[PDB]
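Read the single chain below, which is given as structure tokens and is the form deposited in one PDB entry.
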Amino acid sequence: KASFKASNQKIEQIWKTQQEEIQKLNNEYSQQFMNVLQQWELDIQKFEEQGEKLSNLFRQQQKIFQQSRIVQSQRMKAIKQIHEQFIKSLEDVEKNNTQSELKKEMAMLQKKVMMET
């Protein structure tokens, strides 16, 4: 059956060369596909790390917010004191005060006047 076997191989050749074509096309695709898919995962990473940076820039601006608050609150309190003391310390000045030291200078002047009469 040599005639049958010779034409049996000539058919499979027809087949497999055809199928070889389709496979070379799939290899080329895959290779190309996976290459670009790989660098795409890299860029996808940076794009999330840039999502990070912005989201950190806000939390930073949040901290500023509270620091200013505290600062504001510390300044107002320092002023209030300074003022409360000033007021206290004038109240002590009023207690230190003279209208009798006036009576004394007046009394003396009275003595002086009586004498010379």
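Only the largest set of C-alpha atoms that superpose within 1.5 Å between the two forms is called the rigid core. When you see a residue number, it is the position in the sequence shown, counting from 1.
Trainee: What does the record say about the segment between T17 and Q18: how many deposited residues are without coordinates (none, 1 to 3, 4 to 9, 10 or more)?
Mentor: The entry has no gap there; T17 and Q18 are joined directly.
Trainee: Averaging C-alpha B-factors over each stretch, which comes out higher, 32-40 or 57-65?
Mentor: For C-alpha atoms only, the mean B-factor is higher in 57-65.
Trainee: Comparing average C-alpha B factors as deposited, tell me which of 21-29 and 6-14 sits higher.
Mentor: On average, C-alpha B-factors are higher across 6-14.
Trainee: Comparing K88 with the other modelled residues of its chain, is its CA B-factor in the lowest, middle or highest third?
Mentor: Tercile = highest for this residue's CA B-factor.
Trainee: Split the chain's modelled residues into thirds by Cα B-factor; is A78 in the lowest, middle or highest one?
Mentor: Lowest third.
The form deposited in another entry exists for this protein as well; it is not shown, and the discussion that follows is about that form.
Trainee: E52: with the rigid core matched between the shown form and the other one, does its Cα shift 2 Å or more?
Mentor: Result for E52: yes, a 2 Å-plus shift.
Trainee: Aligned on the rigid core, do the two forms place the Cα of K63 2 Å or more apart, comparing between the shown form and the other one?
Mentor: Yes, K63 moves 2 Å or more.
Trainee: Classify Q38 as shifted (yes) or not shifted (no) between the shown form and the other one, where shifted means its C-alpha moves by 2 Å or more with the rigid core superposed.
Mentor: For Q38, whose C-alpha is compared between the shown form and the other one after core superposition, the shift is less than 2 Å.
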